[PDB]
Every structure is written in C-alpha cells, then in structure tokens.
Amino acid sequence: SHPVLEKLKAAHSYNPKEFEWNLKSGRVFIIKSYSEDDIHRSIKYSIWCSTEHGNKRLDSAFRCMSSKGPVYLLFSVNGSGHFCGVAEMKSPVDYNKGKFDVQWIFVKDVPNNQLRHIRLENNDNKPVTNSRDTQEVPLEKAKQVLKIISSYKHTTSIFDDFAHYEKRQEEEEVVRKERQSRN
C-alpha cells in the first residue's frame, strides 16, 4: 500500500455501497481520457480538463444544472475497452488550459462488454461504449449505466497500479526539469 493512496482513501469514500443510481434529475456525460496518467492525476487532485470544445459543453451543462441536479462524468480511457470510474463535476471551468473540480465516486474497471447493450438514441443508437468525449447520455440510459457500474464486482482498478503511476509522474517531472535546465 502506497502512503499517498492511503491518504486518498481516508479522505474519500470510494465505491460507496449506497449510491443512488435512480436519479431524479441531472445530466450525465462520457469522458474519453487520453491516458491512464490523466485518470491517476485526476483522482489525486480532484480536477479534470477536457478539450476546448468539451470544456465549453461541460461548463454550460454545469451552469444550466445549478441547484437542479448533479452532473456525472463516466470515465473511459481511449482504446482501453473498459470504463474506469465515475466522478461528479463540482465547479464550472476555470480558464486561468482550463480545469474544473471533480469528486471521484467510483474507481473501478467495468468491461465494455458489460455496458454495450445500452444504446444512445441521441448518438445514432450506437452503444454507450462507442461514445466520443462529452457525449451526453439520456437520463434513463444513464441510470442503467450507473446501476451496472455501481453494482459491478470489479476485479481491477487503476489503484492496482498506483505506485507505478506515481513513479511515471515523478520520473517524467525529473526528465522535464532537466530538459528545461539545458535550454
């Protein structure tokens, strides 16, 4: 067990046994992450950043949902074949690129084969697992997705490789510093 991961787990209740997937109101979006390193950083710092267009869509949705219901984000790394968790969006986008606060709720790997029966009528009836970044999920389909993610008995999560990702970040920082030093 990594000491940083222990601090995180003491400060956050991940994978809560009591999650309300039967949302009365809300908006739910797919997040397609470029890498596991970004997921790891997001969990560590409770922040996310989409593209310029994605940030615009999420910023608008959050501001339109103020005091009406939550905005949930369903995370999957491009090409990974499985969703890796769920966070709630907690702030509008701050442009000093941008960034917004997130509160991670589920940190767990859910294979796409467990979700691909759910099709999005607002994305040409494609499986929810075939979505682009910031695709909005209609609420009833989002309930089905959240029910499965919340109940799934996962065998892995990104936390299994926590030390690995910590090392990746530290070493890259060293490399970056040295590169900057030489210029």
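Residues carry their position along the shown sequence, with the first being 1.
- The stretch of deposited sequence separating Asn96 from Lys97 contains 10 or more residues lacking coordinates in this entry.
- When the mean C-alpha temperature factors of 106-114 and 87-95 are read from the deposited coordinates, 87-95 comes out higher.
- Per-stretch averaging of Cα B factors for 153-161 and 62-70 places 62-70 on top.
- Note on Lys44, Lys126, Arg132, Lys147: the highest value goes to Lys44, judged by CA B factor as recorded.
- Of all the options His53, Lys32, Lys143, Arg27, the entry's greatest CA B-factor is assigned to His53.
- Sort the modelled residues of the chain by CA B factor and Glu36 lands in the middle third.
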